[PDB]
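Each protein sequence line maps, in turn, to chains A and B.
Add 693 to a position in the first sequence, counting from 1, and you land on the number used in PDB author numbering.
Add 116 to a position in the second sequence, counting from 1, and you land on the number used in PDB author numbering.
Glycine residues also receive a C-beta, built at the ideal position from the N, C-alpha and C atoms.
Structure, as structure tokens:
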Amino acid sequence: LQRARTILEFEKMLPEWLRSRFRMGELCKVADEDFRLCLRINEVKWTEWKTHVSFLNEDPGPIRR
Amino acid sequence: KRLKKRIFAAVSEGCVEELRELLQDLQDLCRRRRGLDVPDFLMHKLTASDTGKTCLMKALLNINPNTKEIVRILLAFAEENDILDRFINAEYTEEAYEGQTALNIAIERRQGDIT
């Protein structure tokens, strides 16, 4: 918490155009039209094996090419 | 006539009646073009060029409770033109994660039935 109190203070006292992008920007959600709402990436591990129904891409790990 | 876009979207959604019409039309134009490439033309319509994925690799990534029927129809068509050994033993060649054949998807998707 105590280093969380400083990061939101330095980011508030940084009046640039905020070039530092922390996030995947404008990556697609599941819709025919709604391509918005910039995103984040994390990882999962071993248990609870199941067939995977909902997915976004045809199994790459990074961006394709 | 974007026959490749119709057959990819037919096997993705899970409709089996849409496939057999695309399966009939692709056999029909195969009868129209029989000059020197009866095996090579039928492969190039089922398989893309960038990834190298067939219509069977796309069949097994997306799973849906029609997928046992959607393979049995689609293997018998590659058997009908005697191309199933080139078809089933086709390898992903996008050279980033190449080599993943049609069998390698099947064990990973834990479909012990159709394997």
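| Item | Value |
| --- | --- |
| Interface positions of the stretch 172-205 of chain B facing chain A (Cβ-Cβ less than 7 Å), listed along the chain | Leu177, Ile179 |
| Three-state secondary structure (DSSP) of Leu191/B | helix |
| Cross-chain neighbours of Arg225/B in chain A, by beta carbon under 9 Å | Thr744, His745 |
| Interface flag, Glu736/A vs chain B, CB-CB below 7 Å | no |
| DSSP-derived helix/strand/coil call for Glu196/B | helix |
| Identified DSSP bridge partners for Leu732/A | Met717/A |
| Three CB pairs or more closer than 8 Å across the stretch 733-753 of chain A and the stretch 143-151 of chain B | no |
| Cβ-Cβ distance between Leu162/B and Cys171/B below 7 Å | yes |
| CB contact check: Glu741/A to chain B, cutoff 7 Å | no |
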